[PDB]
């Protein structure tokens with residue numbers, strides 16, 4: 001007789017948000033720019049937020 | 001008598017949002033630019049948000 | 001007697017939202033640009049959103 | 001000038017996978 | 001001048017994976 | 001000048017993984 005039990009209920013309430021900027025100034029072997037200016041705003045909330 | 005139980009109920013309330021910019025100013029072997037300006041706004045909420 | 005049980009109920013309420021900009025200013029061998037200006041707004045709720 | 005880009009790869013992905021995503025191997029082993 | 005980029009890769013991903021990602025191997029092996 | 005970049009990789013990534021991420025091996029092996 002064997003009869004183990006594993007992971008009997010598994011509930012996922014999950015997510016992934018990316019704002020990706022992969023090489024906007026570009027390039028690898030000859031690269032030039034005059035201003036880079038970053039003023040991004042992030043207001044993320046993650047986990048449990050239920051109001052009830 | 002074998003009779004194990006694995007993973008009996010699996011539920012997934014899951015998402016993926018990507019805002020992707022991949023090489024906007026471009027290139028690999030000669031790349032030239034003047035002003036890069038980033039002002040993105042991200043107002044994410046992730047996980048459990050149930051009002052009830 | 002074998003009779004194992006696996007994964008007996010599997011419910012996915014999942015999604016994927018992509019906003020992709022792949023090489024807007026283009027190129028590999030030679031690239032020029034002047035203004036790059038990013039002002040993206042993102043307001044995503046991900047996971048469980050149930051009002052009840 | 002000589003300017004070579006040889007066999008480059010550029011990839012953007014956004015993906016989502018849900019449910020049963022791994023393999024099941026039963027293999028009881030007989031007598 | 002000589003400028004070379006050889007076999008480059010540039011990857012952007014955003015991913016989500018949920019549920020049963022792992023493998024299941026039973027293999028009791030008989031008597 | 002000679003400027004060379006050989007087999008470079010540039011990965012940008014955001015991920016989420018949830019639920020059962022590990023493997024299950026039973027293997028009781030008989031009497």
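For a footprinting-style exposure proxy, rank A:21, C:21, F:25 by other Cβ within 10 Å, fewest first.
F:25, C:21, A:21
Just from the alpha-carbon atoms, what are the Rg and Dmax of the protein assembly as shown in angstroms?
24.5, 76
Provide the FRET efficiency to the nearest 0.05 for the residue C:29-residue A:45 pair, computing r from the beta carbons and using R0 = 35 Å.
0.20
How far apart, in nanometres, would the label points at residue A:36 and residue E:4 be if each is projected 7 angstrom from Cα along the Cα-to-Cβ direction?
Each label point is offset 7 Å from its Cα along the Cβ direction, giving 2.8 nm.
Using only the alpha carbons, work out the radius of gyration and Dmax of chain B in angstrom.
22.9, 73
Could you list C:14, E:18, D:18 so that the one with the fewest beta carbons within 10 Å of its beta carbon is first and the one with the most is last?
Placing the least packed residue first, the sequence is C:14, D:18, E:18.
Using the 10 angstrom Cβ neighbour count as an exposure proxy, how do B:12, C:8 rank, fewest first?
C:8, B:12
When the label point is put 7 Å from the Cα of residue B:1 along its Cα-to-beta-carbon vector, which residues of the range C:1-22 have a backbone N closer than 11 Å?
C:1
When we count neighbours, we look across all protein chains shown, and the Cβ atoms used for this are built from the backbone with ideal geometry, even at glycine. Each reported figure results from applying straightforward, stated rules to the coordinates on display, with no laboratory input.
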